[PDB]
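These notes are about the structure you will find just below.
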Number of protein chains: 2
Amino acid sequence: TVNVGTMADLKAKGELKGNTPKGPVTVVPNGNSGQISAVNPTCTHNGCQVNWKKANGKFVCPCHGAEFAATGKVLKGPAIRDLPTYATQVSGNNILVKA
Amino acid sequence: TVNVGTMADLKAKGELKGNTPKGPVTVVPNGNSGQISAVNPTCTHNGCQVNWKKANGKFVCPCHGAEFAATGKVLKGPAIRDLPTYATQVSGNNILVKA
Ligand code: FES
Ligand code: FES
Ligand code: NI
Ligand code: NI
């Protein structure tokens with residue numbers, strides 16, 4: 001597992017990025033009760049790294065505009081596959097990304 | 001140098017496609033005074049062939065949605081360069097594309 005920071009950090013920063021054995025990870029809130037979502041930000045269209053835009057509640061790809069929900073669900077093309085995701089575990093405020 | 005059809009054909013069909021020594025060409029109307037425009041429909045982003053949508057007066061790329069005006073001018077990204085164009089000559093109602 002990869003410790004990407006605390007729930008307090010996620011709150012203050014809006015997101016937490018990390019590097020895992022299976023690729024990059026960006027952790028964002030996925031609700032208001034502590035739910036979080038860890039996605040591999042590699043756009044499923046042409047591999048650009050997507051950018052979490054909290055004001056719109058979506059990841060937006062800077063290369064061709066694909067958009068994804070906090071869960072990684074594709075919301076707008078040209079990507080047609082959801083972002084890969086990672087299971088997470090919060091252990092005493094620490095956000096742990098698995099795999 | 002490449003005869004793609006007549007103005008009547010262009011009016012009835014909306015566009016005329018052809019092949020030239022410098023690549024494909026799509027000829028579309030560019031006004032109501034008989035003005036026409038010949039572009040190389042190869043999208044300047046990643047090379048997909050853009051498609052003329054007469055109702056919207058634009059070439060729309062089916063791959064990532066870039067749009068171009070009848071003149072080839074880029075109107076919407078991700079493309080950032082205009083479509084190459086070809087000089088044209090209307091000779092006796094015949095549309096000649098010079099490549
Ligand atoms: S790489 Fe993300 S939309 Fe193309
Ligand atoms: S190939 Fe035309 S927008 Fe990408
Ligand atoms: Ni691109
Ligand atoms: Ni593509």
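Note that we place each Cβ from the backbone using ideal geometry, even for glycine, and neighbour counts take in every protein chain shown. Since every read-out is calculated from the coordinates, none of them should be taken as a lab result.
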Discussion item. Sequence gap of 8 or more, or different chains, plus Cα separation below 19 Å: how many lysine pairs satisfy both in chain B?
Written reply: 19
Worksheet entry | Inter-label distance, nm, simple model (7 Å from Cα along the C-beta direction), residue A:99/residue A:73 | 1.9
Response to the item:
Sorted shortest first, the nm distances from the residue A:14 label point (7 Å along Cα→Cβ) to its counterparts in the other copies are 4.2
Worksheet entry | Separation between Cα centres of region A:29-99 and region B:42-99, rounded to whole Å | 35
Worksheet item: In deg cm²/dmol, rounded to 500, what helix-only [θ] at 222 nm does chain B give when every DSSP H run of at least 4 residues adds -39500 (n - 2.57) and the total is split over its residues?
Response: -2000 deg cm²/dmol
Worksheet item: At each listed q (0.16, 0.17, 0.20 Å⁻¹), what is the log10 of I(q)/I(0) that the Debye formula gives for chain B modelled as equal alpha-carbon point scatterers?
Response: -0.59, -0.66, -0.90
Worksheet entry | Closest approach to the B/A rotation axis among chain B Cβ atoms, residue and whole-Å value | B:64, 2
Discussion item. Can you tally the net charge around residue A:68? Count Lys and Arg as +1, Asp and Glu as -1, for every other residue whose Cβ sits under 15 Å from the Cβ of residue A:68.
Written reply: +3
Discussion item. Which residues does the label zone of residue B:35 cover in region B:65-86, counting backbone N under 15 Å from a point 7 Å along Cα→Cβ?
Written reply: B:69-73
Worksheet entry | Inter-copy separations for residue B:53, label at 7 Å along Cα-Cβ, nm, ascending | 2.0
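Give, in nm to one decimal, the length gained when the segment between residue A:22 and residue A:54 is fully stretched (0.36 nm per residue of separation minus the Cα-Cα distance). Please list the in-between numbers first.
Numbers: separation 32, 0.36 × 32 = 11.52 nm, distance 2.48 nm.
That pair, residue A:22 and residue A:54, stretches by 9.0 nm at full extension.
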Worksheet entry | Inverse mean reciprocal Cα-Cα distance (Kirkwood Rh) of the protein assembly as shown, Å | 19.6
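Which FRET efficiency, nearest 0.05, do residue A:9 and residue B:82 yield, Cβ-Cβ r, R0 41 Å? List each step's numbers first, then the result.
Working: r = 46 Å, r/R0 = 1.11.
Working from the Cβ atoms, E equals 0.35.
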